[PDB]
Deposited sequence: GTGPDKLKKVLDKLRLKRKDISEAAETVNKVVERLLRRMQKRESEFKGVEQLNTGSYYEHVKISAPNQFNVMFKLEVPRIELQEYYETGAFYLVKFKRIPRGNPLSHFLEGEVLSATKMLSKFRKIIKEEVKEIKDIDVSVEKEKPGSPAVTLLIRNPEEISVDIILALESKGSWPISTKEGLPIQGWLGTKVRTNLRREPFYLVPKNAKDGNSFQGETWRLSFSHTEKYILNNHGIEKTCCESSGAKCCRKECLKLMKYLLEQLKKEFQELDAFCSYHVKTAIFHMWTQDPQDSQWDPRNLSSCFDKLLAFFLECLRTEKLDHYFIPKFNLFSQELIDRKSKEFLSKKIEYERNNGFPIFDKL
């Protein structure tokens, strides 16, 4: 049943090769233009993030996330109205308070200029979507591929106080891992008609999340060549697919994204830390317990950011009750009728 779906969802080696070869060309050239030109983003470094680099991308290698991160010395953060995730912040002179919109606009300008000069790849820059920190590339290998270039500020200080109680991995990955993770930099991305709209940045833990995905067992050998396989990634994939399929069919679900599922499974991996609670033989009960957890998040209207406990991704302000009830009904239907949506194209 679910093994068959996972077979469908598995990327093909051939497609992986073709997609990656084209993407790396475009990205390499963009990264070079950010330094070889005396741009205000000289020193920016590349960090690959999201599902493709975590090995949980499903169906096709058609969406790539990449961070162009810029180290900024001793910045001062001021939290935005107790939200936990959003901050004002203090070469960059002409982006003054460091304005996210002004900095993003210049960043975006550079990329567009450079993209116009690319003559061997069919590639363009997608119209800016308000509410997105990314510059999005649309590549036409014969097949459609999207690349989100995310601008990020990199700070090396202590993580902000709103995260103090986040990353609750102590009983799963442990205290040494947590302490070491919190010694890495933290990232601010320009996520953005009220208030301090254009000067607000959002914390990003994409780097931490990538380490977690690739080091996800309570045992060091989980999913390694001299360890046992678990089904943690496979459940993420199934849940991701369920949401994608539903979203494709129902405009009512526009406010939901894969990060909601990722966040939910992070909490499930914390609640059920033992690798034996994710035995491949138990794929079905595991998938099912994840569904039940997600439904409880929907019912209670509560899905805390894993890194920022006070930030509720399912607050009324972000996603209307109607949407959450709608998604509850549709998930409950699929669950009670053997997931017919998994059988469609």
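- Query: Which residue ranges of the deposited sequence are not present in the modelled coordinates?
  - Reply: Absent from the structure are positions 1-5, 96-103, 110-112, 209-211.
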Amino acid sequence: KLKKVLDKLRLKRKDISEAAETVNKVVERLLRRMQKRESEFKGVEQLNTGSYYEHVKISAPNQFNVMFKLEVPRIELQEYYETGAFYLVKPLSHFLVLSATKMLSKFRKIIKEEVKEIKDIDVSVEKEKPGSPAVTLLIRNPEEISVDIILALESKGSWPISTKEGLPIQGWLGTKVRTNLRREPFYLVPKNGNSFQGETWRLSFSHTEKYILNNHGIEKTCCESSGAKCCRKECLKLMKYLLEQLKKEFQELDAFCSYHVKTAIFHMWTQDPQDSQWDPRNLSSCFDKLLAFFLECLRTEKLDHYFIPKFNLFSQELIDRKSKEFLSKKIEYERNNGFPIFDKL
From here on, numbers count along this sequence of modelled residues.
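- Message: Going by the mean C-alpha B-factor recorded in the entry, which is higher: 26-34 or 54-62?
- Response: In the deposited entry, the stretch with the higher C-alpha B-factor mean is 26-34.
- Message: Can you tell me whether 66-74 has a higher mean C-alpha B factor than 283-291 in this record, or the other way round?
- Response: That would be 66-74.
- Item | Per the PDB entry, maximal CA B factor within 308, 303, 318, 47 | Comparing C-alpha B-factors across 308, 303, 318, 47, the maximum falls on 318.
- Return the residue from 145, 115, 150, 188 that has the highest Cα B-factor in the entry. In the PDB entry, the greatest C-alpha B-factor among 145, 115, 150, 188 is found at 115.
- Query: Thinking about Cα B factors across the chain, which third does residue 81 belong to?
  - Reply: CA B-factor rank for residue 81: highest third.
- Task: Would you please rank residue 159 by its C-alpha temperature factor against the other modelled residues of its chain and give the third it falls in: lowest, middle or highest?
- Result: Middle third, going by the recorded CA B-factors of the chain.
- Task: Ordered by C-alpha B-factor within the chain, which third holds residue 137? Give me lowest, middle or highest, please.
- Result: Middle third - that is where residue 137 ends up once the chain's C-alpha B-factors are sorted.
- Message: Using the temperature factors of the C-alpha atoms in this entry, rank residue 257 within its chain: lowest, middle or highest third.
- Response: Lowest third of the chain for residue 257's C-alpha B-factor.
- Task: Grab the CA temperature factor for residue 314 from the record and place it in the lowest, middle or highest third of its chain.
- Result: It falls in the middle third of the chain.
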